[PDB]
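Bear in mind these aren't lab numbers, they're just calculated from the coordinates by the rules spelled out. Note: ideal-geometry Cβ built from the backbone for every residue, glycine included; neighbour counts use all protein chains shown.
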Amino acid sequence: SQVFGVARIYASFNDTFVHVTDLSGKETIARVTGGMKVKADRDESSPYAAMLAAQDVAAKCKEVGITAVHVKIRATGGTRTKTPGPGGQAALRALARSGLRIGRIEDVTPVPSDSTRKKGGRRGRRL
Amino acid sequence: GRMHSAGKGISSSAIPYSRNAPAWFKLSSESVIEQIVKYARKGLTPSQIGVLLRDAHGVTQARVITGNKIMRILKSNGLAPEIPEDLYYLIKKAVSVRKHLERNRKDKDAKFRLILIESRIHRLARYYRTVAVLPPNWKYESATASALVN
Amino acid sequence: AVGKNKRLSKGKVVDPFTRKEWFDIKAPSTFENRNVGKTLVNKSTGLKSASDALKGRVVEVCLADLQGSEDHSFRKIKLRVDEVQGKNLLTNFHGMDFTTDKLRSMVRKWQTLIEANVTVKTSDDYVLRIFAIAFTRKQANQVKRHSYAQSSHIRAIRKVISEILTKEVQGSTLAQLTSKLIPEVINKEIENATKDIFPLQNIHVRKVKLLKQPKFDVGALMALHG
Amino acid sequence: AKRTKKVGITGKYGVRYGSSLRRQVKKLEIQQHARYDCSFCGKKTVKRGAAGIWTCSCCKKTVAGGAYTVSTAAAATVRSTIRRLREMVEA
Amino acid sequence: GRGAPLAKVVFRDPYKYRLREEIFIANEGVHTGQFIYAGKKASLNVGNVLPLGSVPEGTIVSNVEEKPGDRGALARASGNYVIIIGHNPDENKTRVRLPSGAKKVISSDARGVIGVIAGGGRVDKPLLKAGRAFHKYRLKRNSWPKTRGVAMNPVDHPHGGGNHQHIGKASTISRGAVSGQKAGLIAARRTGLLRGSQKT
Amino acid sequence: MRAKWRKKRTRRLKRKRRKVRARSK
Amino acid sequence: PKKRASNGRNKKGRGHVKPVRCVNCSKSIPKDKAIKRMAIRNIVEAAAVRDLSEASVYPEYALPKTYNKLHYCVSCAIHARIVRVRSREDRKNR
Amino acid sequence: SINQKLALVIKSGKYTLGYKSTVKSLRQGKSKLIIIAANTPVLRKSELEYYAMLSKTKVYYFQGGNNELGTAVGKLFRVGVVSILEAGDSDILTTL
RNA sequence: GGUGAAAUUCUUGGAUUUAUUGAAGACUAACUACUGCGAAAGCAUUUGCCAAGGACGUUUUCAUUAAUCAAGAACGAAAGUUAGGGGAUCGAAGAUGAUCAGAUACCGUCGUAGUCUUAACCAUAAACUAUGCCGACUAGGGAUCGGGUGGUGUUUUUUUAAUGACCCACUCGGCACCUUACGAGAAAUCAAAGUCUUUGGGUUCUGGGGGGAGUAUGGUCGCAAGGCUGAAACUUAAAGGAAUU
């Protein structure tokens, strides 16, 4: 009695992505992100901007017809961070508190099986 | 120890104090002597003759049962190999690595082992030539090594 | 960055969800509660149509939802859409994948990870690569806190795991294999066969991903969705 | 008596054509003029004829192979792959 | 005139009592007195001429026909081979990687000889002296020695002329150029040293 | 100076001396 | 002068190991030499589970936790206050 | 091993070397086992099997060449086929 | 997109993102440890083949064939060289974005050689355990790796035989570790760095204040880059080591 979707909350530094997706994965609804709500270019990944971004993703989905979604929070992955962004957990709370029920949270960050090389050199990002 | 390795493990045989043994033995000295040559007649090396006589028969060691040792008995009855047994196996191992190194040339570990085996063979050959067991002009030839093992 | 973009269009309105229609998904008869869900698709037009654009689709769901119970939550079943029947897309088994939460949970340290895989073709010509996992366990009364293996039992159990998976897959169809993984009877078979080598724990099959699909055979599909 | 210490076979060219080119032609000519053995008889009698042709004098069986080598490494790998594929498909 | 040795394989005519002699390019590992099984139902052996439509993927082939009934189109040089990539069941077509590195799609009824063309590694020894090059080119064609166009008169070559030895104009020549102006690089997309991958 | 940089400097200086050497000998 | 019996870190009888990369500044460090901290933190932040529970389909029971192993270089571990200096007597403490 | 067994036979029992001598032994029926290297001509091998089947003897294949067969026998030259006239003190006839 | 902050750069030609795949090369996480092997360098997916090695068990055999080493020889990280294949990430050079008084440095985006492999060279490192190899003796304690022994020991299949996996005790060889300091050391510290003024178990190599200088020249090896051997003139009263405030 409840149509379902997928959140795909991409959480990283300097940016955050909330892109609601249907069960199959081809359809795209409300790809709004946290970089089109802030006017600082430093708070794009901040928790204060993810909440604003997710406040619109939960309204467009409701207008479209989606009432509940699944959550797959992910990070940059690859060989760069492997850790969730500062505002990924805030984005999940924003659409949960907007009346959009959630369920089955999954971590789909791409962990490599020792592939390619990591940028920075052998002496590190000396700053 | 371990002439050609870094190991230091100690492991050997501890023969008993009784030079007249094992008391419960009942077979005669001649009976075990004809058993030694029978096993030597079928190509068994002196080490295998002692091994087989120790675990299958009641012969603890062939020195206290007989008056002489296994190699000594083999030479007396005319079943002595031309080349020493230990040298024979060392050359047999050496040609095995050479056969391995003639197809897989990129094996540097085998090359290092082959040098160690060849050096060990030369050192053993020097003693045997000095002790007047091998011909004074005997030498280890890589091409002829395979033929020497027969 | 709403006011930092300089070049927005180098070359020089209607909401797109009005031309999209809901389609209700269905699952094989292996899973009890079919009840998959709904998906968007562009309206059937004369140029591309909706069936062609919906023919190729793989929807990922969780086995706990399909079977109703909760002991299959860590297993998610991937179903591939391959044919429609007028507003109810029909799927088929495509793969099985252990969730990242569970997989990283059983993987601990001070224990040995035994892994194996097999490439086996079923009766219906479905070339499948089946993965399996196993972890050594600390037996009761043991005080040594490493519980490692000697790399020879690992090879022995790997051989037994490979032949067990080969036996239970060669001689059965994809539908039978799907009906076999859900009761987790394969895990019982492995723990019966590798209990005389090393205790082991958390015996599981990781992935049943698909490699080759046979001829379409719309007849089998109609039997799957009765 | 080691008439040439490094030049080896290509002392005919003398001081011409450059040391690097002389070294390369020496490396290839050693294998070109080397004597090989039949796989059908075992005697070391296989010798190079024309380009890619290796004919013998005892068994007289001629083999097609490399320009300067009786068996190219790439050819050997291709043969091994072909045998593996045949064994896989015919099983 | 060819660096690949030839093999004379003779067959039996199925319709008339007479021996047919065929000229095949010798492959590596092929020896005299060898039985060659040419056809569709043969085995995957070196020297066999099975069509590409009945071989497993990854097969190394030679003398590949572009079209059925061609009698040898591709992979006819020494040391060259064609790699099988895949096959399409419906509308039977085999995908092939050519020695150049260009992807090709051909029919499944194109016969190819299994193995690697003999004489591989032929171009690995410098010709050293001009005599070897002269002898090699005499058996091929009149294309040696070659005179540079920049050392010519302006009438005998577009690049010639002037008090110095310079081309004058750009060496790159457009594809849509008539006969006479095509002296240099023809439709050269890029010039200079090829550094890095070719992005094939 | 570091050992690496001192050795590199004297190696470049040795290269220059040998280049001057090759002109006369 | 010598500071620790294990000179770099935990390496006696091997001679060489495959190095790893720091997660912060991408510094190449030996696997033994690297200081590893395991993160068992839940997928959600502190608290906020009660907000999730009310808007949770099914009887909750999900509560996933993310698991990650982080390798830190000596410079980054000290700077991030993960690893702090100690007195000579406290240095010997494990 | 097969090499040790052949060496024991060469040392103790009666052996003959070559192809013509092997054919003569097969003809006279003084042969029991024949060992043919994997490098001999197929025609010669087939004729040897025909003689062996006519004379009711045993056939063994040495997984090498003439050089390897000669080395295993204990000779410097190349042996294509060895006929075993008498086992002697070995057991190559009864076993393998 | 990235940074402490920005910008270069990519974005109505749809960037970024999501879903179905395909191709290419590299790599062997998590399991991964005061853990194993190898002469060292070094070696982490699975399977098959090839030969090799340490330890253990042995009432098997030879018998002092041994230990250390000028000369000499094998292997020898990375980087570099020659000729092919390969060339995805990273990336000496180089091109730009900045920051800065200056920044051809640190930071950002591209990017050649290189990073992978085949065949042949290079013989270097903080190649360190800054501690040569062999042998003997000397304070205790626990854990752990491999093999062996014993205990109706526990668990396991058919409750109960075997075997396997564990518990306890012992033994041999190991990577090592904890506490003390007889003893040693200038001290930091050391189960050897102890058994050295109560000086002697066997053997090899190296050093005689700091610079000049591992430079110049002469030989020698190498395609080159460079390796081995290797001074003098001149100058200085100090450098250097461990700890205390």
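In nm, to one decimal, how far is the A:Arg123 label point from the C:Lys4 one, both placed 7 Å along Cα→Cβ?
In this crude spin-label approximation the distance works out to 3.0 nm.
Quick one: which residues, 5 or more positions from E:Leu74 or on another chain, have an amide H under 5 Å from its amide H? H modelled 1.01 Å from N in the peptide plane, none for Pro or chain starts.
So E:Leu74 has HN proximity to E:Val64, E:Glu65, E:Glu66.
Please report the spacing between the Cα centers of the range E:1-80 and the range B:1-76 in Å, no decimals.
66 Å
Can you give the charge dipole size of chain C about its Cα centre, rounded to the nearest 20 debye, using +1 on the beta carbon of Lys and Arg and -1 on the beta carbon of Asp and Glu?
Dipole about the Cα centre, nearest 20: 1440 debye.
How many nm separate the modelled label positions at E:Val155 and B:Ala23, each set 7 Å beyond the Cα in the direction of the Cβ?
For the pair E:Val155/B:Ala23, the computed spacing is 12.6 nm.
When the helices in chain C are scored as -39500 (n - 2.57) per DSSP H run of 4 or longer and the sum is shared across all residues, what 222 nm value do you end up with, to the nearest 500 deg cm²/dmol?
Taking each H run of at least 4 residues, the total per residue is -7000 deg cm²/dmol.
To the nearest 500 deg cm²/dmol, what mean residue ellipticity at 222 nm is calculated for chain A from DSSP H runs of n ≥ 4 alone, each contributing -39,500 (n - 2.57), summed and divided by the residues?
-7000 deg cm²/dmol
Set the Förster distance to 45 Å, then compute FRET efficiency between C:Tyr148 and B:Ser142 from the Cβ-Cβ distance, nearest 0.05.
0.50
Mind listing the long-range amide H neighbours of G:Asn24? Cut-off is under 5 Å, sequence gap 5 or more, other chains count too, H placed in the peptide plane at 1.01 Å from N.
Those lying under 5 Å, H to H, from G:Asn24 are G:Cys73.
At 10 °C and 1.306 mPa s, grab the translational diffusion coefficient of chain A from Stokes-Einstein with a Kirkwood Rh over Cα pairs, rounded to a whole number in µm² per second.
D = 104 µm²/s.
Go ahead and collect, in residue order, the members of the range A:84-122 whose backbone nitrogen is under 18 Å from a label point 7 Å along the Cα-Cβ direction of C:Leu113.
A:107-116
Would you please give the FRET efficiency between H:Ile2 and E:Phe35, computed as 1/(1 + (r/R0)^6) with r the Cβ-Cβ distance and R0 = 30 Å, to the nearest 0.05?
Efficiency for this residue pair is about 0.45.
Based on the Cβ-Cβ distance from B:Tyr127 to G:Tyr58, what FRET efficiency comes out when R0 is 56 Å, to the nearest 0.05?
0.10
Which percent, nearest 5, of DSSP beta bridges in chain A are antiparallel?
Counting DSSP beta bridges with both partners in chain A, the antiparallel share is about 50 percent.
Once Rh is set to the Kirkwood radius over Cα pairs, what Stokes-Einstein translational diffusion coefficient, in µm²/s, holds for the protein assembly as shown at a temperature of 10 °C and a viscosity of 1.306 mPa s?
D = 41 µm²/s.
Hey, rough spin-label estimate for E:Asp124 and E:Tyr137, points 7 angstrom out along Cα→Cβ, what's it come to in nanometres?
2.6 nm
Based solely on its DSSP helices, what 222 nm [θ] is calculated for chain B when runs of n ≥ 4 H residues each add -39,500 (n - 2.57) and the sum is averaged over all residues, nearest 500 deg cm²/dmol?
-17000 deg cm²/dmol, from helical runs alone.
Roughly what % antiparallel, to the nearest 5, for the DSSP beta bridges in chain C?
Around 90 percent of the beta bridges assigned by DSSP in chain C are antiparallel ones.
Pairs to check: B:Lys108/C:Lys159; H:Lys45/H:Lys75; A:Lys82/G:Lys33; E:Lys199/G:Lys27. Give those whose C-alpha atoms are more than 24 Å from each other in this structure.
Over 24 Å apart, Cα to Cα: B:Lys108/C:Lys159; E:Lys199/G:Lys27.
Say the cut-off is 26 Å between C-alpha atoms; which of D:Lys27/E:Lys129; C:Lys26/C:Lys207; B:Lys93/G:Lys18; A:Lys72/C:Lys102 go over it?
B:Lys93/G:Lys18
In debye, nearest 20: dipole of chain E around its Cα centre with unit charges on the Cβ of K, R (+) and D, E (-)?
Dipole magnitude for chain E comes out near 680 debye.
Any idea how far the Cα center of the range C:181-202 sits from the one of the range G:16-46, in Å?
34 Å
What's the magnitude of the charge dipole for chain H around its Cα centre, counting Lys and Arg as +1 and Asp and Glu as -1 at the beta-carbon? Answer in Debye, nearest 20.
Roughly 300 debye for chain H.
Among C:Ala132, B:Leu101, C:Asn202, whose Cα projects farthest towards the positive end of the dipole of the protein assembly as shown, with charges put on the beta-carbon of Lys, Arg (+1) and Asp, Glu (-1)?
Looking along the dipole axis, the top candidate is B:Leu101.
Quick one: check the C-alpha center-to-center distance for the range C:78-146 versus the range A:20-39, whole angstrom.
31 Å
Evaluate Rg over Rh across the range B:81-150, taking Cα atoms for both radii and Kirkwood's formula for Rh.
Result for the range B:81-150 is an Rg/Rh of 1.00.
Consider a paramagnetic label point 7 Å from the Cα of D:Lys60 along Cα→Cβ; state which residues of the range H:14-37 have an amide N under 17 Å from it.
none
Which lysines, if any, have their Cα less than 22 Å from the Cα of F:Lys16, not counting same-chain residues under 8 positions apart?
F:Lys4, F:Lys7, F:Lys8, F:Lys25
For the range E:132-138, take each phi angle, set θ = phi - 60°, evaluate the Karplus expression 6.51 cos²θ - 1.76 cosθ + 1.60, and give the result in whole Hz per residue in order, putting x for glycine and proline.
4, 5, 4, 5, 5, 7, 5
Report, by chain and number, residues whose modeled amide H sits under 5 Å from the one on C:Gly95, excluding near sequence neighbours (fewer than 5 apart, same chain).
C:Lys78
Once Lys and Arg get +1 and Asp and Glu get -1 on their Cβ, which of D:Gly42, D:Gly18, D:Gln32 lies farthest toward the positive end of the dipole of chain D?
Towards the positive end, the residue furthest out is D:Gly18.
Using only the Cα atoms, work out Rg/Rh for chain E, with Rh taken as the Kirkwood radius, to two decimals.
The Rg/Rh ratio comes out at 1.09.
Which is farthest toward the positive dipole end of chain A among A:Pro112, A:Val3, A:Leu127, measuring Cα position about the Cα centre, with Cβ charges +1 (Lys, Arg) and -1 (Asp, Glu)?
Going by the charge dipole, the pick is A:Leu127.
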